[PDB]
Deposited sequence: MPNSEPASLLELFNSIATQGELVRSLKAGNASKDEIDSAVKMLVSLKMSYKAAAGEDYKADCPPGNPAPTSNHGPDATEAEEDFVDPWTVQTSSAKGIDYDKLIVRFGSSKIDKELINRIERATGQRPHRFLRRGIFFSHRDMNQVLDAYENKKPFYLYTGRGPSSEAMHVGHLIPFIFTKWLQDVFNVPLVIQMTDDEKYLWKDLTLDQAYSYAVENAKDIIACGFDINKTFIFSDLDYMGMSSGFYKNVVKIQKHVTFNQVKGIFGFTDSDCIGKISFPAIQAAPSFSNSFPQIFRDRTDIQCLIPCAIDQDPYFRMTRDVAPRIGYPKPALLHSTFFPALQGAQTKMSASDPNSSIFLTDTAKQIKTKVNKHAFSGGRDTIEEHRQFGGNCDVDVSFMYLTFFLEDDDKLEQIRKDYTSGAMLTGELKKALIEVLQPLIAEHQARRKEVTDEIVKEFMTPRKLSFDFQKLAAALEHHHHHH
């Protein structure tokens, strides 16, 4: 009865947490909160103490949705053909190894970063001592990013280290203002807090410019000019086809794709690239962002600029299964970078979908299915040793390793990952975030 009241508060609290992360209105959030407050006040009177969460007593891929009915997840090979991108083959990976002299990142080795556009052109430029730069971004939809968001940022940090190039990181607080029910100050504050998470991945302050759109649009001699250029060469019909917008949407949403396109061109950042328009751009992202840059690549030559190159990642799946991606707006979907060791353990054991059989004795006989097991999927992203991953795959598949064992292994990887990130995030002072976010000349001459 009192335990049943506790669980109802935990369920409703998680629902309230998910609503704040998604595109719900403040009035919808307030209504959910009023239920939560009502249950907690009933618990306080019944239990004689406050509630604390610790103590019981056809595949669709676009920027906003990843959905499939398959338990195995998105058919990434079919997605390449549909989007018209190029498969990252062994020959391209070997070329990156030759050019950098570094072991290919595990995401490349395991086909996590699996698709590209014009990556050979980036390597042509690099091998001929011509400059290029990295561009990625974050829509600061709430405070606290999740482990899924580490996939593009870890890879971008690796690319920056091995190629030694400047990086621009777009914080689209204007996007989030347009799509969510937020004030401008709330959207900007989420961008600053999310920048601290991004900085905690270990990007070099001498080589990295992280910018708020709301701030940078008002202080740049090139950025708005490029936005206007891009806006002339994209129609509403085109963005309706690409992004699924309708005439009931606000004009800000309709025009926003040009703002995400604009950082692809070097003269958007005149203080970094000495007013030059010919610096190759490379854009690491998960493949859901590709519609923005398919559009950007079509526009590029019409305004006299080179097309940006792409590197596309797979999706870090939701805890409930590979049917959806990990998303802050879905209940019990995410492992956040603010989660404690307890909460990481709890989420993996309670919520991570198992491909193992229902009983232990059945598991010994028939074995597990790694193609649907979420815990094994997470190990493909974060277990560093390739031989250990394969050993775990074989043993789980044969039945020699149980679900409990597989989850213990994962928890021992995710706990230090998130803890070390938190340790680095605490070192990020207000002075450091400001410096990362101040328009300035980076340590590169052009």
Identify which parts of the deposited sequence carry no C-alpha coordinates, going from the N-terminal end onward. 1 to 7, 65 to 81, 471 to 484
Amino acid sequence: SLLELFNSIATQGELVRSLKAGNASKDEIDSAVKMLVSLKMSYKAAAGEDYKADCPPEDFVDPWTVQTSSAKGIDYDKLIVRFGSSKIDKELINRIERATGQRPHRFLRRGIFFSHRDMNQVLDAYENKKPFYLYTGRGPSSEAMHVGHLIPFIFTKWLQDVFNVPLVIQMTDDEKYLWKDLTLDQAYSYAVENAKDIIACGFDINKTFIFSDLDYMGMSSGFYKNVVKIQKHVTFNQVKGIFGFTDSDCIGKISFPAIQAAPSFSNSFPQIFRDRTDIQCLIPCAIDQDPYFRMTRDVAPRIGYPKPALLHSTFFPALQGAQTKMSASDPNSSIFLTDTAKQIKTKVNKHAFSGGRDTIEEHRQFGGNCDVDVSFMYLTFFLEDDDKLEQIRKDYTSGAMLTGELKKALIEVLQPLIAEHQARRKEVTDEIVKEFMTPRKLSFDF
From here on, numbers count along this sequence of modelled residues.
Please compare 361 to 369 with 276 to 284 and name the stretch with the higher mean C-alpha B-factor in the deposited structure. 361 to 369
Should the higher mean CA B-factor in the entry be assigned to 132 to 140 or to 73 to 81? 73 to 81
Using only modelled residues of the chain, where does the Cα B factor of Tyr396 rank: lowest third, middle third or highest third? highest
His116 - which third its CA temperature factor falls in, relative to the rest of the chain: lowest
Taking the C-alpha B-factors as the PDB entry records them, is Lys207 in the lowest, middle or highest third of its chain? middle
Should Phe107 be placed in the lowest, middle or highest third of its chain by the C-alpha B factor in the entry? lowest
Taking the chain's C-alpha temperature factors as the reference, tell me which third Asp173 falls into: lowest, middle or highest. lowest
